[PDB]
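>>> here is the sequence, then the experimental structure:
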Amino acid sequence: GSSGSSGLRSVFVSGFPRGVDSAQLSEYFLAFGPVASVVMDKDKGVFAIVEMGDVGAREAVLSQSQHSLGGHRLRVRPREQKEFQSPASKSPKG
């Protein structure tokens with residue numbers, strides 16, 4: 001929920017310009033931690049699933065001020081999609 005939650009050691013990166021490759025991206029994401037790989041769509045090439053070695057690594061990215069890939073801006077996100085929302089109300093009994 002709140003800041004700091006182990007479970008997803010990956011991040012969703014997109015919004016990159018034309019020319020960017022998987023190898024490059026990874027290298028750029030190595031300044032924070034060890035990247036497993038970059039699964040970028042080949043059919044079209046719009047989004048890329050950036051994987052990380054350990055949970056900490058992925059966390060080091062979330063705790064970053066601003067991200068950029070050689071000037072251009074990147075919409076780096078903690079792979080937070082299709083998030084189910086609902087009024088979770090409940091209280092414990094003495």
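Sure, I can see it. Numbering: from 1, shown residues only.
>>> all contacts plus neighbour counts: C-alpha atoms, from now on.
OK.
>>> at which residues are the strands of this structure located?
10-14, 35-40, 47-52, 68-69, 72-73 (DSSP state E).
>>> ok, which of those comes nearest residue 60?
strand 47-52 (10.3 Å; CA to CA).
>>> for the most centrally placed residue in the chain, give the beta-bridge partners.
Nearest residue to the geometric centre of the chain (CA atoms, centre = their mean): residue 11, 1.9 Å. When bridges are called by DSSP bridges, residue 11 pairs up with residue 50.
>>> list the contacts of it.
Counting by CA atoms under 8 Å, 6 or more residues apart in numbering, residue 11 touches 49, 50, 51, 52, 58, 76, 77, 78, 79.
>>> and it, how far is that from residue 86?
As judged by CA to CA, to the nearest Å, residue 11 and residue 86 stand 24 Å apart.
>>> repeat that for residue 32.
Applying CA to CA to residue 32 and residue 86 gives a distance of 34 Å.
>>> what about those two, which has more around it?
Taking other CA atoms under 10 Å, residue 32 and residue 86 do not tie; residue 32 has more neighbours (16 against 6).
>>> what about the residue nearest to residue 16 when sequence neighbours are not counted, how many residues close to it?
Nearest residue to residue 16, sequence neighbours excluded (CA to CA, 6 or more residues apart in numbering): residue 74, at 5.9 Å. Around residue 74 there are 15 other residues, counting by other CA under 10 Å.
>>> for stretch 20-38, buried residues please.
Under the neighbour-count criterion of 16 or more other CA atoms under 10 Å, stretch 20-38 has 25, 26, 29, 32, 33, 34, 35, 37, 38 buried.
>>> what does stretch 5-15 give?
9, 10, 11, 12, 13, 14.
>>> return the distance of that stretch from the chain's centre.
3 Å (CA atoms, centre = their mean, to the nearest Å).
>>> sweet, I'm off.
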